[PDB]
Amino acid sequence: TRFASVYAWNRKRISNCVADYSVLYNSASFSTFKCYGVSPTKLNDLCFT
Amino acid sequence: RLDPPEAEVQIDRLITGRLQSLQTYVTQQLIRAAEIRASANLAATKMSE
């Protein structure tokens, strides 16, 4: 619910899990879905540093 | 990591590089192998005489 301004953007951290991007690829109000460098369809096969 | 429609300009940058590295080796070997045949005849006429 609470979001901050761009002048004070903050970051997060993600640790060891097993998380699936298939649910993240479901339909939503996302107007833009653009990743450059990695195919957006093979994202659920590799381990990430 | 990529898609066949996209992973087709990053293979043609490797093929043309790895192919223009064998013909140089073959050409240099061809030039070098014609200098042993110029001694294998001197050593043959130095035995009959």
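What counts, and where the lines are drawn
- Residues numbered from 1 in each chain as written, not as in the entry; some residues may be left out.
- Chains lettered and ligands numbered in written order.
- Part of a larger assembly, values for the part shown.
- Heavy atoms only, no water.
- Helix = DSSP H or I, 4+ residues; strand = E, 2+ residues; numbered from the N terminus.
- Buried < 20%, exposed > 50% of the residue type's maximum accessible area, 1.4 Å probe, protein only.
- Areas by Shrake-Rupley, 256 points an atom, 1.4 Å probe, with all protein chains shown as cover.
- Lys, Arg positive; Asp, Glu negative; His and termini not counted.
- Charge placed at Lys NZ, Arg CZ, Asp CG, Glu CD.
- Polar contact = N/O pair within 3.5 Å; in protein donor to acceptor, adjacent residues only side chain to side chain.
- Contact = heavy atoms within 4.5 Å.
- Disulfide = S-S within 2.5 Å.
- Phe/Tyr/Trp six-rings, centres within 6.5 Å; stacked < 30°, edge-to-face > 60°.

Method of determination for the deposited model, per the PDB record: cryo-EM, at 3.27 Å resolution.

1. Observations regarding the overall build of chain A
A count of helical and extended segments in chain A gives zero helices and zero strands. With the C-alpha coordinates aligned to their principal axes, the bounding extent of chain A is approximately 35 × 30 × 25 Å. Across the 49 residues of chain A, 4% fall into the buried class. When the accessible surface of chain A is summed, it comes to about 5,700 Å², and 56% of that surface belongs to carbon and sulfur atoms.

2. Overview of the overall build of chain B
A count of helices and strands for chain B gives three helices and zero strands. When the elements of chain B are put in sequence order from the N terminus, they spell out α-α-α. Dimensions of chain B, computed from C-alpha atoms along their principal axes, come out at roughly 70 × 10 × 10 Å. A burial count over chain B gives 0% of its 49 residues as buried. Just so you have it, chain B exposes about 4,900 Å², and 58% of that area is on carbon and sulfur atoms. Side chains of chain B carry 6 positive and 6 negative charges; the gap between the two charge centres is 11 Å.

3. A few points about the side chain of A:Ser39
The class of A:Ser39 is buried, set by a relative accessible area of 1%. Among the polar contacts listed, one links the side chain of A:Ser39 to the side chain of A:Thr41, at a separation of 2.8 Å. Filtering out sequence-adjacent residues up to four positions away, A:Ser39 remains in contact with B:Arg1, B:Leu2 and B:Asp3.

4. Looking at the state of the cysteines
All names here are of chain A. Under the counting rule described, the total for this entry stands at zero disulfides over all chains. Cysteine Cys 17 remains unbridged, with the sulfur of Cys 47 as its closest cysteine sulfur at 12 Å. Considering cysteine sulfurs only, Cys 47 is the nearest to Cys 35, which forms no disulfide, with 18 Å between them.

5. Here's the deal with the packing of aromatic side chains
Residues and elements named next belong to chain A. Under the definition given, this model contains two aromatic pairs over all chains. With a centroid separation of 5.5 Å and 35° between ring planes, the pair formed by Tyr 25 and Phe 33 is classed as tilted. Ring centres of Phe 30 and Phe 33 lie 6.3 Å apart, and the angle between their planes is 65°; this geometry places the pair in the edge-to-face category. An aromatic cluster is present here, built from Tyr 25, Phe 30 and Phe 33 joined pairwise through their rings.

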